[PDB]
Amino acid sequence: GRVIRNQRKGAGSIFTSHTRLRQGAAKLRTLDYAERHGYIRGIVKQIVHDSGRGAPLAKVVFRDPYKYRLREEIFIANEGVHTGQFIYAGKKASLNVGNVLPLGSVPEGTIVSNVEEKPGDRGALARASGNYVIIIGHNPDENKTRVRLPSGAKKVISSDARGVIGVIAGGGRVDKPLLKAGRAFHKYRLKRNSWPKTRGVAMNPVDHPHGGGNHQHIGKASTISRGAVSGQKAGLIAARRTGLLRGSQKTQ
Amino acid sequence: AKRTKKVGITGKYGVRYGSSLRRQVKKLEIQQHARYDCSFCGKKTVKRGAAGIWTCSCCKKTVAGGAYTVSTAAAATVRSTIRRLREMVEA
Amino acid sequence: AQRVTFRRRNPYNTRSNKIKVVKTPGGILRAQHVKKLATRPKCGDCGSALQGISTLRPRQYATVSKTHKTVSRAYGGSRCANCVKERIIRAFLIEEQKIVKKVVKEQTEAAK
RNA sequence: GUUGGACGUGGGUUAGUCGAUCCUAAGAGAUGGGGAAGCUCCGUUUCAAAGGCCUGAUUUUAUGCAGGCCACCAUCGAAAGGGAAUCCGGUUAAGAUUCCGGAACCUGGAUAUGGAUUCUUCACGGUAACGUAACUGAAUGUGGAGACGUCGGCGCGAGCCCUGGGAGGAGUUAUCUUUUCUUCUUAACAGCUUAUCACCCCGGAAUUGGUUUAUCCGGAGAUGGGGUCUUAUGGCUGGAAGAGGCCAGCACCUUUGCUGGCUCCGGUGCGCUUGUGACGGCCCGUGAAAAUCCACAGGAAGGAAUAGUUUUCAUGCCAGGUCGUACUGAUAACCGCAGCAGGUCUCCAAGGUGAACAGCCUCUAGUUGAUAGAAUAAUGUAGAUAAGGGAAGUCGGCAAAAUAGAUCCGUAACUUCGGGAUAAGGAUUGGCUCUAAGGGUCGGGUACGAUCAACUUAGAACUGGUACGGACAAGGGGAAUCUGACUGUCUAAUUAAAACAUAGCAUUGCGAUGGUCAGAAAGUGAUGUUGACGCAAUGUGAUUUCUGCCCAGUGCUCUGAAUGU
RNA sequence: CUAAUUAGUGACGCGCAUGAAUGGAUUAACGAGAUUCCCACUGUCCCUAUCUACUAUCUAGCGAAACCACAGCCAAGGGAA
RNA sequence: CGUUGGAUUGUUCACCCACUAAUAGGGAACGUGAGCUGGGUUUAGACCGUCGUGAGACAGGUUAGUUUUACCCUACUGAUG
Ligand SMILES: [Mg+2]
Ligand SMILES: [Mg+2]
Ligand SMILES: [Mg+2]
Ligand SMILES: [Mg+2]
Ligand SMILES: [Mg+2]
Ligand SMILES: [Mg+2]
Ligand SMILES: [Mg+2]
Ligand SMILES: [Mg+2]
Ligand SMILES: [Mg+2]
Ligand SMILES: [Mg+2]
Ligand SMILES: [Mg+2]
Ligand SMILES: [Mg+2]
Ligand SMILES: [Mg+2]
Ligand SMILES: [Mg+2]
Ligand SMILES: [Mg+2]
Ligand SMILES: [Mg+2]
Ligand SMILES: [Mg+2]
Ligand SMILES: [Mg+2]
Ligand SMILES: [Mg+2]
Ligand SMILES: [Mg+2]
Ligand SMILES: [Mg+2]
Ligand SMILES: [Mg+2]
Ligand SMILES: [Mg+2]
Ligand SMILES: [Mg+2]
Ligand SMILES: [Mg+2]
Ligand SMILES: [Mg+2]
Ligand SMILES: [Mg+2]
Ligand SMILES: [Mg+2]
Ligand SMILES: [Mg+2]
Ligand SMILES: [Mg+2]
Ligand SMILES: [Mg+2]
Ligand SMILES: [Mg+2]
Ligand SMILES: [Mg+2]
Ligand SMILES: [Mg+2]
Ligand SMILES: [Mg+2]
Ligand SMILES: [Mg+2]
Ligand SMILES: [Mg+2]
Ligand SMILES: [Mg+2]
Ligand SMILES: [Mg+2]
Ligand SMILES: [Mg+2]
Ligand SMILES: [Mg+2]
Ligand SMILES: [Mg+2]
Ligand SMILES: [Mg+2]
Ligand SMILES: [Mg+2]
Ligand SMILES: [Mg+2]
Ligand SMILES: [Mg+2]
Ligand SMILES: [Mg+2]
Ligand SMILES: [Mg+2]
Ligand SMILES: [Mg+2]
Ligand SMILES: [Mg+2]
Ligand SMILES: [Mg+2]
Ligand SMILES: [Mg+2]
Ligand SMILES: [Mg+2]
Ligand SMILES: [Mg+2]
Ligand SMILES: [Mg+2]
Ligand SMILES: [Mg+2]
Ligand SMILES: [Mg+2]
Ligand SMILES: [Mg+2]
Ligand SMILES: [Mg+2]
Ligand SMILES: [Mg+2]
Ligand SMILES: [Mg+2]
Ligand SMILES: [Mg+2]
Ligand SMILES: [Mg+2]
Ligand SMILES: [Mg+2]
Ligand SMILES: [Mg+2]
Ligand SMILES: [Mg+2]
Ligand SMILES: [Mg+2]
Ligand SMILES: [Mg+2]
Ligand SMILES: [Mg+2]
Ligand SMILES: [Mg+2]
Ligand SMILES: [Mg+2]
Ligand SMILES: [Mg+2]
Ligand SMILES: [Mg+2]
Ligand SMILES: [Mg+2]
Ligand SMILES: [Mg+2]
Ligand SMILES: [Mg+2]
Ligand SMILES: [Mg+2]
Ligand SMILES: [Mg+2]
Ligand SMILES: [Mg+2]
Ligand SMILES: [Mg+2]
Ligand SMILES: [Mg+2]
Ligand SMILES: [Mg+2]
Ligand SMILES: [Mg+2]
Ligand SMILES: [Mg+2]
Ligand SMILES: [Mg+2]
Ligand SMILES: [Mg+2]
Ligand SMILES: [Mg+2]
Ligand SMILES: [Mg+2]
Ligand SMILES: [Mg+2]
Ligand SMILES: [Mg+2]
Ligand SMILES: [Mg+2]
Ligand SMILES: [Mg+2]
Ligand SMILES: [Mg+2]
Ligand SMILES: [Mg+2]
Ligand SMILES: [Mg+2]
Ligand SMILES: [Mg+2]
Ligand SMILES: [Mg+2]
Ligand SMILES: [Mg+2]
Ligand SMILES: [Mg+2]
Ligand SMILES: [Mg+2]
Ligand SMILES: [Mg+2]
Ligand SMILES: [Mg+2]
Ligand SMILES: [Mg+2]
Ligand SMILES: [Mg+2]
Ligand SMILES: [Mg+2]
Ligand SMILES: [Mg+2]
Ligand SMILES: [Zn+2]
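Rules of the game
- Residues numbered from 1 in each chain as written, not as in the entry; some residues may be left out.
- Chains lettered and ligands numbered in written order.
- Part of a larger assembly, values for the part shown.
- Heavy atoms only, no water.
- Residues with missing side-chain atoms left out of burial classes, pairs and counts.
- Salt bridge = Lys/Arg side-chain N within 4 Å of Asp/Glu carboxyl O.
- Helix = DSSP H or I, 4+ residues; strand = E, 2+ residues; numbered from the N terminus.
- Buried < 20%, exposed > 50% of the residue type's maximum accessible area, 1.4 Å probe, protein only.
- 1 Å grid on protein atoms, 1.4 Å probe; cavity = no way out; pocket = protein on both sides within 12 Å on 5 of 7 lines; lining within 4 Å.
- Points joined across faces, edges and corners; volume = space filled by probe spheres on them.
- Nonpolar A, V, L, I, M, F, W, Y, C, P; charged D, E, K, R; others polar.
- Near = heavy atom within 4 Å.
- Polar contact = N/O pair within 3.5 Å; in protein donor to acceptor, adjacent residues only side chain to side chain.
- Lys, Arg positive; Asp, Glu negative; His and termini not counted.
- Contact = heavy atoms within 4.5 Å.
- Expected span 1.5 Å × (residues − 1).
- Arc of directions from axis to C-beta.
- Pairing = 2+ DSSP bridges.
- Axes fitted to C-alpha atoms, helices over the stretch in contact; angles between N-to-C directions.
- UniProt positions renumbered as here; feature names shortened; annotations may be inferred.
- Buried area = accessible area lost by both parts, 1.4 Å probe.

For the rest of this paragraph, the subject is the pattern of salt bridges. All told, the structure shown has 19 salt bridges over all chains when counted by the stated rule. Salt-bridge contacts for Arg69 of chain A lead to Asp64 of chain A; the nearest nitrogen and oxygen are separated by 3.1 Å. When the shortest N-O distance is used, the salt bridge between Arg90 of chain C and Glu86 of chain C registers 3.7 Å. Of this pair, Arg90 of chain C and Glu86 of chain C are both found in helix α1 (residues 82-110), four residues apart, which corresponds to roughly one turn of the helix. The class for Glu86 of chain C is partly exposed, based on a relative accessible area of 47%.

Next up, the structure:
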């Protein structure tokens, strides 16, 4: 039979990201002298819409400490930051929405976005519109910090790892119904070519494990093992449970 | 004279998509097309384009807001909670 | 009733192919191609069209004399007056308060 | 066939300004390298000692070293994207923004005279917005232009359309028409001048005012008075009447002239096409890049009185290469075996009727091509009509017929309150002759008058073989069942559907030392310019309502067990 | 409902073998979707008739193809019936 | 010598209405598709029921699904010689 749809995506032909209009990668400043000893000041020169993104970017310019020139950065904008505002980044820096501080330097309950996984990676976690992470504790010996990510997971990372105070802007985007095919259409038009989706059960056997039969139906359990091999994994992969989730979610 | 009984702005969709969907949408649309009071200059000139982006007609200041509304409940409480924890540092 | 043809190989309505109709001394109608309109230069501080400055397509600015490219105040062909007004007042007051900031913490060190 | 896109023989394509050329787009692809037995694969700034400008140092001299920068790291990729600069008249058998004539502009290289500037060295003026013929400015830095969606009404420009007077030429004239048709034009470029917006100065506002078709603006300074700016665009003049257009009057085998005259002044707009401005609507869509050009911040440095600085002011000199340039562009110059009723990207667009880029008739231009002659049997193909009945025909109302524009009246169940609805059902509609309502502009001391230019709407008489959306154009309607929510999609060439998709609903995996996926391999790759409001994997299928019981089996899964394999 | 209905619709249900996102039930609006009746309409029919154009047909010129064991009048008989 | 008109069904068959003198039964390659039609059956699309782990199956239900050529010989109808 045929190579199924989820196998063809990895070869990246018609499936690569539609990148032309994007403002450029959002990152924190490089972690340098200023940021790990002192603080350094910047101005948000603009806050701007990035294509295929939920949340606005903020263009933030700084002075180059080692050379006379301006150096401009692209930040994900936290809700409430504004044009003309001064941004402070460094180990010793006041605790205010929009500033970037090492996770060690903020008290528990602090709310931060675009937080680094390792120190220096210029931010990894909690970048999507509406999201943040909460600092749930410190271990000053071995200087770690325990945080809770948007997924509900709780991870422990270096207290040197930087984050930015506040939550990411443009929240509530997903509360509004798309209402029609076209709105979805233009949505994925600026992301990648994932839409619309043919059901495997509407296909012929060559095309898909679910394909075929004189009635539409899966024909065997749609829960597939991790051990499964490419061309086998479609449906519910490695599911530990299945069915309507009753009762409260929200991990203890 | 009152033009429509319920649908309001949402009457552009006519009979389509089902009432509950139109209900939800009408809400956030009223939200997102509104003029908001400007923190900085005091007039209500703040309108939207590009969800998350709220700028002032005169005074030209742009603020990062919620997707369909200027300030969102979460960011609001977050604001005060940062205020709280900050004042714990100086005093 | 008299119709007209493009004067160049390019058959299509692209922005570089903009056309105008003109009556000649031959007494007949004829197309003449038209360069894209130039736009006014903008203040770097604010972004209004800055007054006093002539508006040409970029390379034509090299064919014109310097008075068309400036106004007589500092930051002339660059910033918008009222913007320059601001960075004067701001500069001054900040450079002042900078004195106020030093002598106050000069005493704070001495009495504490 | 005397004709031809045929046959024979020749002729023909002229550029500093039109294109290529230059730039960058998706993308393509060398190089230090890393894979691979290898043809080769990967990577593109990537684990690399990756390169070249400005001038100074030379007065053996030609270019070694002295500074200081710049670490930007190939290149290819648009004859519709970006982009230095040209127009009008004339001219050929066939070329023309390419030739001729006149009149310009750009770029590069040279430069000298004039003007400006300076004894207060690197200009003055204006309260200001800002003005100008000029008015030195290295490194470095920064700003701007290039440079950007779509729809809507409103304002304005251009060309076209309509039209008055006059000056010409043409047509009709039994009769009628101061008539019908036609000529009356002005390029790039240059000077002065011209603008919505924006901005400055004076002033200090409730009795709130200003104001758009569209409700937006003002103590963060409105209304008012006075000014500043962009030059889209228009006006007058230069170009330039000498050109071109239209006439008359002579010359004569010719090349072909010669001589004249006139080419003038207005009007109108929900007109049409196109351009453009100030605004408004929309988005989980917010709608390229680079070359290149200019500006400002900076002040390195270089500079005068016995004479210096200036080529962003004026004028002057030289140069501008290579390739394409004919013609067709389609019912005969392309692709379909062909001079095939098929296919194949696009610009310009007159008058009437009418809502109209509809149909129907016309002007300009172009055609009049498609074997022909004679007859008009059957049967056909394509176009029409039929008395009384009215689906009795048929698997089935298939085919056909009926309906239809516009104004007015009138309109049910049901409904997600948005619809259903042109529901259904009705009346009216020509011609001609009148009445009424609807506007512009100018002078009024600190009630009205005068003038000019527009088809809309309603009402009233008269009139006809009762006709009048007179051709053209133009919905049949109603009551239910099954089914898919809807718009959308597919079997090119027997299936368009109830199939697929969709929004909505639900489930699953994953915190990057990762999930899913690619590859022979790799210092390899997609998601990823990404981070759970995320990416990936399934199912169901808008709304409302509701989703019961069963984990023994097959799967999937587990902070579980342990002495069996 | 019809004069008359293996049709249609409303009921009934020990339902060969209905049934809950293998989604169940309901559902305004929409459909070149399948089905039933009604009004209008009509050459669909009773039952046929007539007209126009171009064909066919006859002439000049031009001029293919399919197919072809050999061929081409029947009744019966027998015979691979 | 005649043996019909209709309602339901793709139907043959069946069954009712109605007329009539009567509404007899059969053959002709179960007469008759280069004569038609294409509703059924019986390819490829698709829904449901039943069966199957599945691909798929069903003599179960349902919907959509290209009907080619005569100019020859003979026969037949007419027409010259
Ligand atoms: Mg990419
Ligand atoms: Mg797709
Ligand atoms: Mg799906
Ligand atoms: Mg789907
Ligand atoms: Mg299928
Ligand atoms: Mg398979
Ligand atoms: Mg399987
Ligand atoms: Mg299957
Ligand atoms: Mg199913
Ligand atoms: Mg040409
Ligand atoms: Mg366009
Ligand atoms: Mg000027
Ligand atoms: Mg100036
Ligand atoms: Mg200076
Ligand atoms: Mg011949
Ligand atoms: Mg020849
Ligand atoms: Mg030749
Ligand atoms: Mg050019
Ligand atoms: Mg070249
Ligand atoms: Mg390569
Ligand atoms: Mg190139
Ligand atoms: Mg090009
Ligand atoms: Mg171009
Ligand atoms: Mg010419
Ligand atoms: Mg010649
Ligand atoms: Mg020619
Ligand atoms: Mg010349
Ligand atoms: Mg000359
Ligand atoms: Mg020069
Ligand atoms: Mg001067
Ligand atoms: Mg620049
Ligand atoms: Mg820019
Ligand atoms: Mg562009
Ligand atoms: Mg020009
Ligand atoms: Mg004024
Ligand atoms: Mg003044
Ligand atoms: Mg002026
Ligand atoms: Mg108007
Ligand atoms: Mg915009
Ligand atoms: Mg400029
Ligand atoms: Mg010069
Ligand atoms: Mg050269
Ligand atoms: Mg040519
Ligand atoms: Mg031709
Ligand atoms: Mg053809
Ligand atoms: Mg005319
Ligand atoms: Mg022919
Ligand atoms: Mg003919
Ligand atoms: Mg003939
Ligand atoms: Mg006939
Ligand atoms: Mg008649
Ligand atoms: Mg009749
Ligand atoms: Mg009747
Ligand atoms: Mg009837
Ligand atoms: Mg019958
Ligand atoms: Mg019948
Ligand atoms: Mg039927
Ligand atoms: Mg019918
Ligand atoms: Mg029909
Ligand atoms: Mg009739
Ligand atoms: Mg109805
Ligand atoms: Mg009348
Ligand atoms: Mg009047
Ligand atoms: Mg039915
Ligand atoms: Mg549908
Ligand atoms: Mg449709
Ligand atoms: Mg097909
Ligand atoms: Mg269809
Ligand atoms: Mg079809
Ligand atoms: Mg639902
Ligand atoms: Mg390796
Ligand atoms: Mg579906
Ligand atoms: Mg879905
Ligand atoms: Mg129950
Ligand atoms: Mg029980
Ligand atoms: Mg079980
Ligand atoms: Mg029945
Ligand atoms: Mg019936
Ligand atoms: Mg029933
Ligand atoms: Mg039952
Ligand atoms: Mg039984
Ligand atoms: Mg269930
Ligand atoms: Mg079922
Ligand atoms: Mg409902
Ligand atoms: Mg329908
Ligand atoms: Mg014949
Ligand atoms: Mg004859
Ligand atoms: Mg013949
Ligand atoms: Mg032939
Ligand atoms: Mg015989
Ligand atoms: Mg015998
Ligand atoms: Mg019968
Ligand atoms: Mg029957
Ligand atoms: Mg029947
Ligand atoms: Mg019976
Ligand atoms: Mg009978
Ligand atoms: Mg028999
Ligand atoms: Mg038979
Ligand atoms: Mg036969
Ligand atoms: Mg047949
Ligand atoms: Mg059939
Ligand atoms: Mg079938
Ligand atoms: Mg069928
Ligand atoms: Mg069909
Ligand atoms: Mg034959
Ligand atoms: Mg025949
Ligand atoms: Zn403001």
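That shown, we press on.
In this section: empty space enclosed by the protein. Here the largest cavity defines a volume of roughly 90 Å³. Along its surface, the largest cavity is lined by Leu28, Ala58, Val60, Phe75, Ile76, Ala77, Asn78, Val81, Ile87, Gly98, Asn114 and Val164 of chain A. If you add up the space inside the second largest cavity, you get close to 30 Å³. Forming the boundary of the second largest cavity are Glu79, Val97, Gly166 and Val167 of chain A together with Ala75, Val78 and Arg79 of chain B. In the lining of the second largest cavity, the residues fall into four nonpolar, one polar and two charged.

With that settled, the discussion passes to the protein's contact with RNA strand D. The environment of RNA strand D is formed by 172 residues, the closest being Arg127 of chain A, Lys6 and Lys43 of chain B together with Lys35 and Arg73 of chain C. One nitrogen or oxygen atom from the main chain of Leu178 of chain A is found 2.9 Å from a phosphate oxygen belonging to RNA strand D. Taking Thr14 of chain C, its side chain carries an N or O atom lying 2.9 Å from a phosphate oxygen of RNA strand D. Going through the elements one at a time, α1 (5-8), α3 (181-189), β11 (223-224) and β12 (236-237) of chain A, α1 (19-33) of chain B together with β1 (19-23) and β2 (29-33) of chain C are the ones with two or more residues in the surface near RNA strand D. The leading source of residues in the surface near RNA strand D is α1 of chain B, at six residues.

Our next topic: the side chain of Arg22 of chain B. Residue and element names in this part refer to chain B. With respect to the helices, strands and loops of the structure, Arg22 is situated in helix α1. In this structure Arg22 is buried but unpaired, with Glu29 as the nearest side chain of opposite charge at 11 Å. Ignoring anything within four residues of it in the chain, the contact list for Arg22 reads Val7, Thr10, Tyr13, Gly14, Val15 and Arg16.

Turning next to α1 of chain B. Residue and element names in this part refer to chain B. Across its 15 residues, α1 extends 21 Å between first and last C-alpha, which sits within 8% of the 21 Å expected from 1.5 Å per residue. Every buried residue of α1 is accounted for by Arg22, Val25, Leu28, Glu29 and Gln32. Seen along its axis, α1 keeps its buried residues to an arc of 140°; they face one direction. Summarising the geometry of α1, the exposed residues directed more than 90 degrees from the buried face are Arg23 and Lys27.

Spatially, chain A is disjoint from chain C: no contact exists, and the shortest C-alpha separation is 10 Å. One finds no contact linking chain B with chain C; the least C-alpha distance across the pair is 9 Å.

The subject of this paragraph is the sheet that holds strand β2 (residues 53-56) of chain B. Residues and elements named next belong to chain B. The strand order β1-β2-β3 describes an open sheet built from three strands, whose pairing is antiparallel. Edge positions in the sheet fall to β1 (46-48) and β3 (62-64), since each has one partner strand and no second. For this sheet, the mean inter-axis angle between neighbouring strands, taken without regard to orientation, is 30°.

All names here are of chain A. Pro205, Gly212, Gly213, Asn214, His215, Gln216, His217, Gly219 and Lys220 make up every residue found near RNA strand F. The sugar-phosphate backbone supplies 53% of the atoms of RNA strand F found within 4 Å of the protein. A distance of 3.1 Å separates a base oxygen of RNA strand F from a polar atom in the side chain of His215. Measuring from a sugar or linking oxygen of RNA strand F, one finds a backbone N or O atom of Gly219 at 2.9 Å. Taken together, the residues of the surface near RNA strand F sort by class into one nonpolar, seven polar and one charged.

Residue and element names in this part refer to chain A. Mapped onto the elements, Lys233 comes out in the loop between β11 and β12. With 229 residues separating them along the chain, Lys233 and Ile4 place their C-alpha atoms 9.9 Å apart. Excluding anything up to four places from it in sequence, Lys233 contacts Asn6, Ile224, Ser225, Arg226 and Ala228. Polar contacts involving the side chain of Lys233 include one to the main-chain carbonyl oxygen of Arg226, which spans 3.4 Å.

Summarizing the sequence annotation, UniProt attributes the feature "zinc finger region: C4-type" to residues 38-59 of chain B in the numbering used throughout. With 0% helix and 32% strand, residues 38-59 of chain B has end C-alpha atoms that lie 9 Å from one another.

Here we come to the interface of chain A and chain B. Size of an interface: often given as the accessible area lost when the parts come together. Counting residues at the interface gives 34 residues for chain A, matched by 32 residues for chain B. Across the chain A to chain B interface the summed buried area is about 2600 Å²; carbon plus sulfur atoms make up 69%. Area buried by chain A at its contact with chain B is led by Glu79, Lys176 and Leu179 of chain A, which between them contribute 26% of it. At the junction of chain A and chain B, the tally comes to one salt bridge. Between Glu29 of chain B and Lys176 of chain A there is a salt bridge; the shortest N-O distance is 4.0 Å. Run the count over chain A and chain B and you get nine residue pairs in polar contact. In terms of residue class, the side of chain A that touches chain B is made up of 14 nonpolar, 13 polar and seven charged.

Turning next to the pairing of strand β3 (residues 70-76) of chain A. Residues and elements named next belong to chain A. Relative to β3, strand β2 (residues 57-63) is paired through seven bridges, and the arrangement is antiparallel. Counterpart to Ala58 in the pairing with β3 is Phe75. The loop that links β2 with its antiparallel partner β3 comprises six residues.

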